[PDB]
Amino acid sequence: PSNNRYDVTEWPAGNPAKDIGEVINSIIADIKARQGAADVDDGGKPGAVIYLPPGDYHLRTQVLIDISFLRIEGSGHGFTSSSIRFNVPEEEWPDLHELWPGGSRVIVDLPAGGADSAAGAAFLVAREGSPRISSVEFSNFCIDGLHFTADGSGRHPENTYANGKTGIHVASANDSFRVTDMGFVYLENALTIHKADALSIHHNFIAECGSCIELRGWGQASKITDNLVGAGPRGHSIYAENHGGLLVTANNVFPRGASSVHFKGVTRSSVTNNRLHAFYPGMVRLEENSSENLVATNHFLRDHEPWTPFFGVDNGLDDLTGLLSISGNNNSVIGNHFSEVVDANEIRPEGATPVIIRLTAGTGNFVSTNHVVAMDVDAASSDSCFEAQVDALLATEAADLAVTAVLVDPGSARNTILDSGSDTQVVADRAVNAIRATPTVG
């Protein structure tokens, strides 16, 4: 209508329970048809808002967004742990108050994306030419990939993090986009945004997805703030490639992504003031000439998976990789806390000492004022999920455990390492690196 407000439950000849995709595409076509003029009275393509009330909507056709200033919003992120529910024995399902996620819920009933993943996306944002598509907003709704499927391993289907489905895929260059207050669940990829400028991914709940946030191709001046993020052992929690000026702060990143923050070729960016929890090494990775980044005042925790269905599932990386791994130049690693809480039996390779910060290549890295705390605890598992997670998080009964605080590989040199471990805990060629050991008691 003329005021550009739409409700998917109030669309003529549209049934959002059967196919919300069709309904939203139909609304998009109506907006285009009504907003054909670009320069009438200094305006004419102001866009529109499409509202989703709380409800269970099945999406069977991909939504194509190719207009600037489109807001899609609901009234609930609607998360519940489908992982937990699928691992509760089936005979107990009748006793459960509810089984599925809710809120303003888009169920992605698309076939898988193979041979690229874009075709498995609920929402695809694509438009080439000039200007770059701008200020699209997604807010406060839920995107549910429903089931994970078998992939060839022995594992249960619902625990593979594989289904070919994506929540939102932005394929073209974009400016001033927003994703806020969303729920994403049970999607192989929650949110993939290519070629992003001044994007804000703020205050979402992105969990039980193979991969959560992926910033691809390149980008600039973006920020990932205030999110709650949990990915899968073969995927990324927060990933970026070729970004400049990215700010990653105030996220609570919990397991079980392969990593917490993964950068390839990321420069002049900040990963600061996050809480990072992982069950595997390689929590924060600065790869392929990631340079001039600040990694500051983050809380790193690495311990063992305490929940039986994923005990013995891992990211294929050994404890020599590091919690923080750097390949590149002129980074600053300041004021971080590292808690390494592992069973001395569970260490790989056999009889190795864990590495916390590892510099594999590059020059001029500044590492200063980082506190490393290490503890030996035996790795219990039980079937009761949140009970086991909270019991393991709060457990402080331990021997001490030896760790390498900072390892500088010979392929990295001219680094500066200050108060980030005792002389023992810093493994580095002193002739080509400035080292100041943390003073010990004596």
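For every residue, the number given is its place in the sequence shown, counted from 1. We call the rigid core the largest set of C-alpha positions that still match within 1.5 Å between the two forms.
After superposing on the rigid core, the larger RMS C-alpha deviation in 4 other deposited structures of this protein belongs to 148 to 156, the other candidate being whichever of 262 to 270 and 148 to 156 remains. For 425 to 433 versus 5 to 13, the mean Cα distance to the shown form in 4 other deposited structures of this protein after rigid core alignment is larger for 5 to 13. Across the other entries compared, none leave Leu199 without coordinates where the residues on each side are present, so it is far from a third. Among other compared entries that model residues flanking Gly114, a third or more give it no coordinates. Missing deposited residues between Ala115 and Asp116: 1 to 3, all without coordinates in the entry. Stretches 370 to 378 and 48 to 56 differ in mean C-alpha B factor, with the higher average recorded for 370 to 378. Once the C-alpha B-factors are averaged per stretch, 290 to 298 and 309 to 317 rank with 309 to 317 first.
Listed residues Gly265, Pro255, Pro157, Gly164 were ranked by CA B-factor as deposited; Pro157 comes out on top.
Residue-level temperature factors show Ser68 in the lowest third of its chain, judged at the C-alpha atom. Per-chain ranking of the deposited C-alpha B factor places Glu188 in the middle third.
Among the modelled residues of its chain, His277 has a C-alpha B-factor that falls in the lowest third according to the deposited record.
Compared with the other modelled residues of the chain, the Cα B-factor recorded for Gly102 ranks in the middle third. When the modelled residues of the chain are ordered by C-alpha B-factor, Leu110 sits in the highest third.
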